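What follows is a set of notes on a single structure, which appears directly below.
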Amino acid sequence: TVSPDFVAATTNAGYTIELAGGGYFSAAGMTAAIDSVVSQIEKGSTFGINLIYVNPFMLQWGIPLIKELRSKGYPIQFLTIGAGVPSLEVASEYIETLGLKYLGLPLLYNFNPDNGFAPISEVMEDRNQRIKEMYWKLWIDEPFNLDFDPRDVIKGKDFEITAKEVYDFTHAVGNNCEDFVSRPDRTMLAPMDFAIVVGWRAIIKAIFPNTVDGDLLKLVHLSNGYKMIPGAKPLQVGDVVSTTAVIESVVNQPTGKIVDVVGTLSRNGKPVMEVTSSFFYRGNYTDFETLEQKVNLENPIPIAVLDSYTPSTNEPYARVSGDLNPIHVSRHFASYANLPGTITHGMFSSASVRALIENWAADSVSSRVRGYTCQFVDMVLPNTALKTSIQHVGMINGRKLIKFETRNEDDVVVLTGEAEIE
Amino acid sequence: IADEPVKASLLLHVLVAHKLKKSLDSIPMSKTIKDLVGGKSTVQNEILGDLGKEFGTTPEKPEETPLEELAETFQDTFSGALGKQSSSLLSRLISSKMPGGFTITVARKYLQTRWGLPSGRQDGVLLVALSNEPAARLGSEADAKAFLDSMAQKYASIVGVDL
């Protein structure tokens, strides 16, 4: 109860006996010194700094630093504060927010009873390369080659739209517009989200490169947008499309990595329309390897605010779209990601809000709608209510945009964005 | 009489409670910015952008700082500014959550004759009612006038004035 920085080598010689810190009186200084001492010790040891409950400034700053270290993966397993015992609510809150002891694909590993706490765990050696084989085999029908980079762009193959694939997608999405109608002697085109389902195989190859890696279990869909070309009609059922995009800057974030995708659409050689996609992958990496012209508004003019319902069984909806996310089907793959449950897909849940916006504004007409952007903030679980909303945004040379807002059950923003119609 | 100015200790707590669905009593000053958000990725990014646009001075760690440390450090740099994002949220509540007839000029003039508050305490009374506004909106002039009388007594604990 006098030394502080002398436990850098005493706890790594077998077991931690009476390792305390009575000289570390700094708030942010004590948290940075504890992380550097764990890297110089053995891999698989236990540490544990004791807080000072005698001072009010040390007890308040030490309680906030202990909560952030437990969620990142530290070796702190014991914390015995001084100045006697705490209160009835102070001691009970530390055991629920921090996992301490007391106070006062493939799944095979070689077991070895010589560490102490755990026998054998999953090693981090080639963790991103081994887990990428299960995600690339559920969409891409070729060999695994990590020779790509973010500075270059390459397009895949081309699949033409058929009448058999468009008929099964209309009953699973639930849209009775002019494009998803069944009538004889009438040319039926495709919707705004119909062409993005066939072209999603080439835009989901963002983790195919060796430099754009990350956590594959937490790589969920961040956002997805779409926009038509200037003066172009909608594609029917007979023409193919192509998509080719990359990441210019370092697509990263403060809690992981990001992904910048912008697919396109072809129509017999010439361009048809465009699209956009975004993915949020957790992790910790920092290596990379004119004026105001927007529209405004005068008052909040609302359109409609109806309610919807998510699908309880996503087995027939994900099969017609070709989603590469296999953690939203079976319950075995969802346990490794530590999520709240079997949530819906990013491109499947956003297609219901985009198709319902034209039915309450344009009376279900695909000739006036040109752009559709929906950014999913949170995740929506299956078999739940979805409160939709719409509001007037701005005009774009005769095309008045419409906003969108999808709330959860507890009035939580899970998805938002704004579309473009006329 | 002694009108309280638009300090950063009460303006920052009311703006963060409206985006996270909370009130002034639930958002304590001893908590942190990241501990009171819940831990969501979408709620953490929106809380950092709303605090810097309403204050101006952007610090190093806006989420790791506590509520009593971030609001006290921004009070010395702010001189009662209306803000870019704070002015748009206060004007929209007078038209959506309230009825037609009680604008920003009618709400500030009522506090000088029924409570004795000038332009300094007029912004603090309207900011406390927007963070704890109910789901039922007003539809007449009598509903908006009743909320101004109740706000002078509930928000008097942070200013120190009588009726």
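Chains G and Y are the protein sequences, given in the same order. Heads up: the first sequence is residues 601 to 704, 1236 to 1420, 1526 to 1658, going by full-length UniProt numbering. Heads up: the second sequence is residues 140 to 302, going by full-length UniProt numbering. Ideal placement from N, C-alpha and C gives every residue a C-beta, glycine not left out.
| Item | Value |
| --- | --- |
| Where Y/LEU221 falls, given that 16 or more other Cβ within 10 Å makes a residue buried | exposed |
| Status (buried if at least 16 other CB within 10 Å, exposed otherwise) for G/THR646 | buried |
| Interface partners of G/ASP1647 on chain Y, CB under 9 Å | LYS160 |
| Chain-ordered neighbours of G/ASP1370 on chain Y, where CB pairs are closer than 8 Å | Within chain Y, no residue comes near G/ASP1370; the closest Cβ sits about 37 Å away, beyond 8 Å. |
| Cβ of G/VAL1616 within 8 Å of any chain Y Cβ | no |
| Exposure label - G/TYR1553; buried when at least 16 CB within 10 Å | buried |
| Chain G within 8 Å of Y/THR171, Cβ atoms only | yes |
| Simplified DSSP state of Y/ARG231, which is helix, strand or coil | helix |
| Outcome for G/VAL1297 when other beta-carbon atoms lying within 10 angstroms are tallied against a minimum of 16 | buried |
| C-beta atoms of G/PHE1339 and G/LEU1269 nearer than 8 Å | no |
| Rounded Cβ spacing between G/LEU1396 and G/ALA1294 (contact assumed at less than 8 Å) | Rounded, the Cβ-Cβ distance is 19 Å, inconsistent with contact. |
| Test item: CB-CB of G/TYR653 and G/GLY682 under 8 Å | yes |
| Identity of the residue in G/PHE1275, G/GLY1287 and G/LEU1348 nearest G/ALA1333 by Cα | G/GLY1287 |
| Neighbourhood of Y/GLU272 by C-beta distance below 6 Å, restricted to the same chain and skipping five residues each side | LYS236 |
| Residue environment, G/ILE1251, which counts as buried when at least 16 other CB atoms sit within 10 Å | exposed |
| Delimiting residues of the beta strand (DSSP E) encompassing G/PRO1402 | 1401-1413 |
| Three-state secondary structure assigned by DSSP to Y/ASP282 | helix |
| Beta-carbon proximity list for G/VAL1531, same chain, < 8 Å, skipping 5 on both sides | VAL1629, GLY1630, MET1631, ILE1632 and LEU1637 |
| Test item: CB-CB of G/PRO1322 and G/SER1585 under 8 Å | no |
| Buried/exposed call for G/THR1386, threshold 16 Cβ in 10 Å | exposed |
| Exposed unless 16 or more other CB atoms sit within 10 angstroms - verdict on G/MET1359 | buried |
| Assigned exposure category for G/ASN1355 - 16 Cβ within 10 Å defines buried | buried |
| Backbone CA spacing between G/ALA1376 and G/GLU1594 [nearest angstrom] | 28 Å |
| Start-to-end residues for the beta strand (DSSP E) that takes in residue 953 of chain G | Residue numbering in chain G jumps from 704 to 1236; residue 953 of chain G, which lies between, is not modelled. |
| Pairwise C-alpha distance: Y/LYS284 and Y/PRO238 | 10 Å |
| Contact check, G/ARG1643 vs G/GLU1658, beta carbons under 8 Å | no |
| Interfacial residues, the segment 1386-1400 of chain G to chain B, with Cβ spacing under 7 Å | Absent from the structure is chain B; the protein chains it does hold are G and Y. |
| Assumed close pair G/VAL1650, G/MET1615 - CB separation to whole angstroms, cut-off 8 Å | 7 Å |
| Simplified DSSP state of G/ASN1644, which is helix, strand or coil | coil |
| Of the residues G/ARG670, G/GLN677 and G/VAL1589, the one placed nearest G/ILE617, counting alpha carbons only | G/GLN677 |
| G/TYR624 vs G/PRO604 beta-carbon contact at 8 Å | yes |
| Validate contact between the segment 198-208 of chain Y and the segment 167-184 of chain Y using beta carbons, cut 8 Å, 3 pairs | yes |
| Where G/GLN1611 falls, given that 16 or more other Cβ within 10 Å makes a residue buried | buried |
| Burial state of Y/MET290, where buried means 16 or more other Cβ atoms lie within 10 Å | buried |
| Candidates G/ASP1391, G/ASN1383 and G/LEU700: closest to G/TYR1416 by CA position | G/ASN1383 |
| Length at least 4, wholly inside the segment 1301-1338 of chain G: the alpha helix (DSSP H) runs in chain order | 1326-1329 and 1331-1334 |
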